[PDB]
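Source file work01.txt; content: compact mmCIF, C-alpha atoms and all ligand atoms.
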# COMPACT_ATOMS: atom_id res chain seq x y z
CA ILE T 1 144.30 -40.39 -7.80
CA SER T 2 146.66 -37.46 -8.31
CA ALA T 3 146.88 -35.87 -4.82
CA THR T 4 144.50 -33.18 -6.10
CA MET T 5 141.25 -35.00 -6.86
CA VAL T 6 141.52 -36.57 -3.40
CA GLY T 7 142.25 -33.14 -1.92
CA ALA T 8 139.36 -31.45 -3.72
CA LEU T 9 136.97 -34.27 -2.80
CA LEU T 10 138.09 -34.16 0.83
CA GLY T 11 137.69 -30.38 0.98
CA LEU T 12 134.20 -30.54 -0.51
CA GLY T 13 133.33 -33.39 1.86
CA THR T 14 134.50 -31.51 4.94
CA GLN T 15 132.61 -28.45 3.70
CA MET T 16 129.36 -30.42 3.58
CA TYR T 17 130.33 -32.09 6.86
CA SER T 18 130.66 -28.72 8.59
CA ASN T 19 127.54 -27.37 6.89
CA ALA T 20 125.29 -30.32 7.77
CA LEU T 21 126.74 -30.75 11.26
CA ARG T 22 124.98 -27.51 12.25
CA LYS T 23 121.68 -28.99 10.99
CA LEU T 24 121.59 -27.03 7.74
CA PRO T 25 120.95 -28.21 4.18
CA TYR T 26 124.18 -29.52 2.73
CA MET T 27 124.61 -27.01 -0.11
CA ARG T 28 123.93 -23.74 1.69
CA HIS T 29 126.71 -21.57 0.25
CA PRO T 30 128.22 -22.96 -2.98
CA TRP T 31 131.00 -20.35 -2.97
CA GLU T 32 132.48 -21.61 0.28
CA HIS T 33 132.12 -25.13 -1.15
CA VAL T 34 134.30 -24.26 -4.14
CA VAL T 35 136.82 -22.40 -2.00
CA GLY T 36 136.91 -25.46 0.25
CA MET T 37 137.65 -27.60 -2.79
CA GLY T 38 140.51 -25.26 -3.69
CA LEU T 39 141.90 -25.24 -0.15
CA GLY T 40 141.70 -29.02 0.07
CA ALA T 41 143.57 -29.43 -3.21
CA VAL T 42 146.26 -26.96 -2.12
CA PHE T 43 146.67 -28.59 1.29
CA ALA T 44 146.87 -32.09 -0.20
CA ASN T 45 149.51 -31.05 -2.73
CA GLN T 46 151.55 -29.26 -0.06
CA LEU T 47 151.22 -32.28 2.24
CA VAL T 48 152.64 -34.55 -0.46
CA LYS T 49 155.52 -32.15 -1.12
CA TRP T 50 156.21 -31.80 2.61
CA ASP T 51 156.23 -35.58 3.01
CA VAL T 52 158.76 -35.93 0.18
CA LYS T 53 160.93 -33.20 1.71
CA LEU T 54 160.65 -34.76 5.18
CA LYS T 55 161.84 -38.13 3.91
CA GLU T 56 164.64 -36.50 1.89
CA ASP T 57 165.98 -34.53 4.87
CA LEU T 58 165.45 -37.47 7.23
CA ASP T 59 167.57 -39.89 5.19
CA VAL T 60 170.53 -37.48 5.03
CA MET T 61 170.38 -37.12 8.83
CA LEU T 62 169.91 -40.81 9.64
CA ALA T 63 172.97 -41.47 7.47
CA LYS T 64 174.94 -38.97 9.56
CA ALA T 65 173.78 -40.61 12.79
CA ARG T 66 174.72 -44.08 11.53
CA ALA T 67 178.13 -42.83 10.40
CA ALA T 68 178.70 -41.24 13.82
CA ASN T 69 177.81 -44.56 15.44
CA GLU T 70 180.12 -46.48 13.08
CA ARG T 71 183.23 -44.57 14.23
CA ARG T 72 183.17 -46.38 17.58
CA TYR T 73 186.04 -48.62 16.46
CA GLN W 1 80.42 6.31 18.37
CA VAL W 2 82.78 5.27 15.56
CA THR W 3 85.01 7.60 13.56
CA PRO W 4 87.55 6.98 10.78
CA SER W 5 91.16 8.11 11.00
CA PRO W 6 93.81 8.65 8.31
CA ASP W 7 96.34 6.54 10.23
CA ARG W 8 94.53 3.46 8.91
CA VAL W 9 96.22 1.62 6.05
CA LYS W 10 93.97 -0.16 3.55
CA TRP W 11 96.98 -2.05 2.14
CA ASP W 12 99.68 -3.21 4.55
CA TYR W 13 102.51 -3.07 2.05
CA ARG W 14 105.16 -4.92 4.06
CA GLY W 15 103.03 -8.02 4.57
CA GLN W 16 102.27 -10.03 7.69
CA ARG W 17 105.52 -10.20 9.72
CA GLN W 18 105.41 -13.96 10.34
CA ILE W 19 107.66 -13.48 13.40
CA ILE W 20 106.11 -11.05 15.90
CA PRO W 21 108.39 -10.25 18.87
CA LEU W 22 106.67 -8.95 22.00
CA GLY W 23 109.19 -6.84 23.89
CA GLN W 24 112.00 -9.18 24.89
CA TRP W 25 109.97 -12.27 23.98
CA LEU W 26 110.94 -13.62 20.57
CA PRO W 27 109.69 -16.66 18.63
CA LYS W 28 112.60 -19.10 18.86
CA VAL W 29 112.24 -21.07 15.64
CA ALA W 30 115.01 -23.60 15.06
CA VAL W 31 116.75 -24.37 11.79
CA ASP W 32 115.52 -27.34 9.72
CA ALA W 33 111.98 -26.70 11.02
CA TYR W 34 109.49 -25.84 8.29
CA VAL W 35 107.30 -22.81 9.02
CA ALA W 36 105.05 -21.77 6.15
CA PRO W 37 104.83 -18.08 5.18
CA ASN W 38 101.17 -17.89 6.24
CA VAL W 39 102.02 -19.04 9.77
CA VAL W 40 102.01 -16.33 12.44
CA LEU W 41 104.50 -16.74 15.29
CA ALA W 42 103.86 -14.27 18.10
CA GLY W 43 104.75 -13.99 21.76
CA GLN W 44 107.20 -16.59 23.06
CA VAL W 45 106.63 -19.67 20.90
CA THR W 46 109.58 -22.05 20.54
CA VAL W 47 109.78 -24.42 17.56
CA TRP W 48 112.35 -27.17 17.98
CA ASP W 49 114.47 -28.95 15.39
CA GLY W 50 112.81 -31.34 12.98
CA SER W 51 109.37 -29.89 13.68
CA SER W 52 107.01 -28.31 11.16
CA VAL W 53 104.26 -25.71 11.43
CA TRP W 54 101.90 -25.52 8.47
CA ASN W 55 100.18 -22.55 6.86
CA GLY W 56 97.30 -20.98 8.76
CA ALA W 57 98.64 -21.78 12.22
CA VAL W 58 98.40 -18.80 14.55
CA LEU W 59 100.84 -19.96 17.24
CA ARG W 60 100.93 -17.19 19.83
CA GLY W 61 101.97 -17.41 23.47
CA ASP W 62 101.57 -13.82 24.61
CA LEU W 63 100.02 -15.09 27.86
CA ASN W 64 102.19 -18.16 28.53
CA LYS W 65 105.02 -19.86 26.68
CA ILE W 66 104.10 -22.49 24.09
CA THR W 67 106.51 -25.17 22.90
CA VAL W 68 106.66 -27.67 20.04
CA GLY W 69 108.83 -30.74 20.52
CA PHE W 70 111.24 -32.60 18.28
CA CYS W 71 109.85 -33.90 14.97
CA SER W 72 106.33 -32.87 16.04
CA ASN W 73 104.03 -31.16 13.55
CA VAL W 74 101.22 -28.64 13.95
CA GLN W 75 99.04 -28.98 10.86
CA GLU W 76 97.32 -26.25 8.87
CA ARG W 77 94.67 -23.90 10.28
CA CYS W 78 95.52 -24.90 13.87
CA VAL W 79 95.16 -22.12 16.44
CA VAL W 80 97.26 -22.64 19.57
CA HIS W 81 96.96 -20.31 22.55
CA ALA W 82 97.99 -20.20 26.20
CA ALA W 83 96.41 -18.80 29.35
CA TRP W 84 97.69 -17.34 32.60
CA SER W 85 96.22 -20.20 34.66
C1 LIG Q 101 143.75 -38.47 4.35
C2 LIG Q 101 142.84 -39.30 3.41
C3 LIG Q 101 143.70 -40.34 2.63
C4 LIG Q 101 142.87 -40.95 1.47
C5 LIG Q 101 143.81 -41.37 0.32
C6 LIG Q 101 144.93 -42.29 0.88
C7 LIG Q 101 145.84 -42.77 -0.31
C8 LIG Q 101 147.11 -41.80 -0.41
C9 LIG Q 101 147.84 -42.01 -1.80
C10 LIG Q 101 147.48 -40.80 -2.76
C11 LIG Q 101 148.73 -39.89 -3.08
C12 LIG Q 101 148.45 -38.43 -2.49
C13 LIG Q 101 148.34 -38.47 -0.93
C14 LIG Q 101 147.01 -37.69 -0.49
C15 LIG Q 101 147.15 -37.24 0.99
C16 LIG Q 101 145.77 -36.73 1.51
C17 LIG Q 101 145.96 -35.34 2.18
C18 LIG Q 101 144.86 -35.13 3.27
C19 LIG Q 101 144.55 -33.61 3.45
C20 LIG Q 101 143.99 -33.04 2.10
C21 LIG Q 101 143.11 -31.81 2.40
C22 LIG Q 101 150.08 -40.51 -2.40
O1 LIG Q 101 150.63 -41.60 -3.23
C23 LIG Q 101 151.96 -41.66 -3.27
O2 LIG Q 101 152.57 -40.41 -2.61
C24 LIG Q 101 154.05 -40.50 -2.50
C25 LIG Q 101 154.56 -39.28 -1.77
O3 LIG Q 101 155.86 -39.54 -1.29
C26 LIG Q 101 154.48 -41.70 -1.75
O4 LIG Q 101 155.40 -42.51 -2.63
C27 LIG Q 101 156.58 -42.71 -1.95
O5 LIG Q 101 157.28 -41.41 -1.78
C28 LIG Q 101 158.72 -41.56 -1.49
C29 LIG Q 101 159.11 -40.58 -0.40
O6 LIG Q 101 160.49 -40.66 -0.19
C30 LIG Q 101 159.10 -42.96 -1.04
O7 LIG Q 101 160.51 -43.01 -0.82
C31 LIG Q 101 158.72 -43.99 -2.05
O8 LIG Q 101 158.64 -45.28 -1.38
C32 LIG Q 101 157.42 -43.73 -2.70
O9 LIG Q 101 157.65 -43.24 -4.04
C33 LIG Q 101 153.36 -42.54 -1.35
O10 LIG Q 101 152.56 -41.80 -0.37
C34 LIG Q 101 152.46 -42.90 -2.50
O11 LIG Q 101 153.19 -43.73 -3.39
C35 LIG Q 101 148.89 -39.78 -4.70
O12 LIG Q 101 150.29 -39.61 -5.10
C36 LIG Q 101 150.72 -38.27 -5.20
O13 LIG Q 101 152.11 -38.16 -4.70
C37 LIG Q 101 153.20 -37.85 -5.69
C38 LIG Q 101 153.81 -39.14 -6.18
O14 LIG Q 101 152.96 -39.75 -7.11
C39 LIG Q 101 152.81 -36.97 -6.87
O15 LIG Q 101 153.61 -35.73 -6.83
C40 LIG Q 101 154.80 -35.92 -7.48
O16 LIG Q 101 155.76 -34.86 -7.07
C41 LIG Q 101 157.10 -35.05 -7.68
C42 LIG Q 101 157.97 -35.79 -6.69
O17 LIG Q 101 157.37 -35.74 -5.41
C43 LIG Q 101 157.05 -35.83 -8.99
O18 LIG Q 101 158.18 -35.45 -9.79
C44 LIG Q 101 155.80 -35.58 -9.76
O19 LIG Q 101 155.81 -36.42 -10.95
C45 LIG Q 101 154.56 -35.88 -8.99
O20 LIG Q 101 153.58 -34.85 -9.27
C46 LIG Q 101 151.39 -36.58 -6.86
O21 LIG Q 101 151.06 -36.00 -8.15
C47 LIG Q 101 150.50 -37.76 -6.61
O22 LIG Q 101 150.81 -38.81 -7.54
How would this structure read if it were set down as structure tokens?
Amino acid sequence: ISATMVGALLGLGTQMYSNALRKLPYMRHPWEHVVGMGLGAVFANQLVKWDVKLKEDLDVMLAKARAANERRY
Amino acid sequence: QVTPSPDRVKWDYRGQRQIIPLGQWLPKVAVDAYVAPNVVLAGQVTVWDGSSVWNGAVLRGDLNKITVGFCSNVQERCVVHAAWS
């Protein structure tokens, strides 16, 4: 589990999911399977980075809101 | 009276043309349905999903439409035809 094996596995899985959902054999086009693996890995890594950034820029804003509330007295 | 012509071909190079469209009528074979290379689909046959048509079958519906249902097989050397009435 390194945010990339899960991404690659999920991309390959959704590639076979799309391929077999049209009633086709699962491994029709291997090239789109490998590009799906790549896209899944990239999207998973970027999702992890975006989550970290979202938390980082949410804490610094929640602190500002709490400080603004604390100046009531 | 019978006479030869040079338009005749003693070796049809291309093959058999398994799918024979008749004007606008086209054999509607669905994906995941096995149709052997020897099978001849002509006229307006429709093969549905999960079906299978085996080699030697001469499915042709040039007179009336012929249909094969889901997961239904037409075995080898089976000639299927249709009539006007
Ligand atoms: C949908 C199916 C879900 C099935 C799996 C579910 C299980 C998910 C866990 C798997 C997983 C990937 C998530 C995959 C998402 C799938 C994307 C779907 C679309 C794909 C097509 C999340 O696992 C960790 O991710 C962290 C991300 O924040 C979070 O930790 C919290 O974060 C804090 C935030 O502020 C919190 O404050 C705090 O409490 C926690 O620390 C938690 O989510 C969790 O601990 C694996 O961890 C991955 O995340 C990080 C940290 O390891 C790694 O990157 C790091 O980057 C640098 C610093 O970022 C580091 O310097 C660097 O060293 C490292 O490289 C990755 O390499 C990998 O390790």
Legend entry - Atom-to-atom span, atom CA of residue 71 of chain W and atom CA of residue 85 of chain W, Å: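 Between these atoms lies a distance of 27.6 Å.
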Inset, instruction - Kindly determine which residues of chain T lie within 12 Å of chain W, considering only C-alpha atoms, and give the answer as number ranges by chain. - result: T: 20-26
Inset, instruction - Mind giving me the straight-line distance from atom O2 of ligand LIG 101 (chain Q) to atom CA of residue 8 of chain T in Å, one decimal? - result: 16.0 Å
Inset, instruction - Residues within 12 Å of ligand LIG 101 (chain Q), counting only C-alpha atoms and all ligand atoms: report them as JSON, numbers by chain. - result: {"T": [1, 2, 3, 4, 5, 6, 7, 8, 9, 10, 11, 12, 13, 14, 15, 36, 37, 38, 39, 40, 41, 42, 43, 44, 45, 46, 47, 48, 49, 50, 51, 52, 53, 54, 55, 56, 57, 58, 59, 60]}
Now that the selection is made, can you save its residues with C-alpha atoms as a PDB file, keeping the file's coordinate frame?
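Below is the file that was written, again.pdb:
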ATOM      1  CA  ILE T   1     144.300 -40.390  -7.800  1.00  0.00           C
ATOM      2  CA  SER T   2     146.660 -37.460  -8.310  1.00  0.00           C
ATOM      3  CA  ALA T   3     146.880 -35.870  -4.820  1.00  0.00           C
ATOM      4  CA  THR T   4     144.500 -33.180  -6.100  1.00  0.00           C
ATOM      5  CA  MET T   5     141.250 -35.000  -6.860  1.00  0.00           C
ATOM      6  CA  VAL T   6     141.520 -36.570  -3.400  1.00  0.00           C
ATOM      7  CA  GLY T   7     142.250 -33.140  -1.920  1.00  0.00           C
ATOM      8  CA  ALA T   8     139.360 -31.450  -3.720  1.00  0.00           C
ATOM      9  CA  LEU T   9     136.970 -34.270  -2.800  1.00  0.00           C
ATOM     10  CA  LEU T  10     138.090 -34.160   0.830  1.00  0.00           C
ATOM     11  CA  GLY T  11     137.690 -30.380   0.980  1.00  0.00           C
ATOM     12  CA  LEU T  12     134.200 -30.540  -0.510  1.00  0.00           C
ATOM     13  CA  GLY T  13     133.330 -33.390   1.860  1.00  0.00           C
ATOM     14  CA  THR T  14     134.500 -31.510   4.940  1.00  0.00           C
ATOM     15  CA  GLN T  15     132.610 -28.450   3.700  1.00  0.00           C
ATOM     16  CA  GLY T  36     136.910 -25.460   0.250  1.00  0.00           C
ATOM     17  CA  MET T  37     137.650 -27.600  -2.790  1.00  0.00           C
ATOM     18  CA  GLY T  38     140.510 -25.260  -3.690  1.00  0.00           C
ATOM     19  CA  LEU T  39     141.900 -25.240  -0.150  1.00  0.00           C
ATOM     20  CA  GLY T  40     141.700 -29.020   0.070  1.00  0.00           C
ATOM     21  CA  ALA T  41     143.570 -29.430  -3.210  1.00  0.00           C
ATOM     22  CA  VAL T  42     146.260 -26.960  -2.120  1.00  0.00           C
ATOM     23  CA  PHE T  43     146.670 -28.590   1.290  1.00  0.00           C
ATOM     24  CA  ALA T  44     146.870 -32.090  -0.200  1.00  0.00           C
ATOM     25  CA  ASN T  45     149.510 -31.050  -2.730  1.00  0.00           C
ATOM     26  CA  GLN T  46     151.550 -29.260  -0.060  1.00  0.00           C
ATOM     27  CA  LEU T  47     151.220 -32.280   2.240  1.00  0.00           C
ATOM     28  CA  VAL T  48     152.640 -34.550  -0.460  1.00  0.00           C
ATOM     29  CA  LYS T  49     155.520 -32.150  -1.120  1.00  0.00           C
ATOM     30  CA  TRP T  50     156.210 -31.800   2.610  1.00  0.00           C
ATOM     31  CA  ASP T  51     156.230 -35.580   3.010  1.00  0.00           C
ATOM     32  CA  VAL T  52     158.760 -35.930   0.180  1.00  0.00           C
ATOM     33  CA  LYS T  53     160.930 -33.200   1.710  1.00  0.00           C
ATOM     34  CA  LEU T  54     160.650 -34.760   5.180  1.00  0.00           C
ATOM     35  CA  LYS T  55     161.840 -38.130   3.910  1.00  0.00           C
ATOM     36  CA  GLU T  56     164.640 -36.500   1.890  1.00  0.00           C
ATOM     37  CA  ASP T  57     165.980 -34.530   4.870  1.00  0.00           C
ATOM     38  CA  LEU T  58     165.450 -37.470   7.230  1.00  0.00           C
ATOM     39  CA  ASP T  59     167.570 -39.890   5.190  1.00  0.00           C
ATOM     40  CA  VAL T  60     170.530 -37.480   5.030  1.00  0.00           C
TER      41      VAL T  60
END
Legend entry - Gap from atom CA of residue 56 of chain W to atom CA of residue 78 of chain W - Å, one decimal: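 Atom CA of residue 78 of chain W lies at a distance of 6.7 Å from atom CA of residue 56 of chain W.
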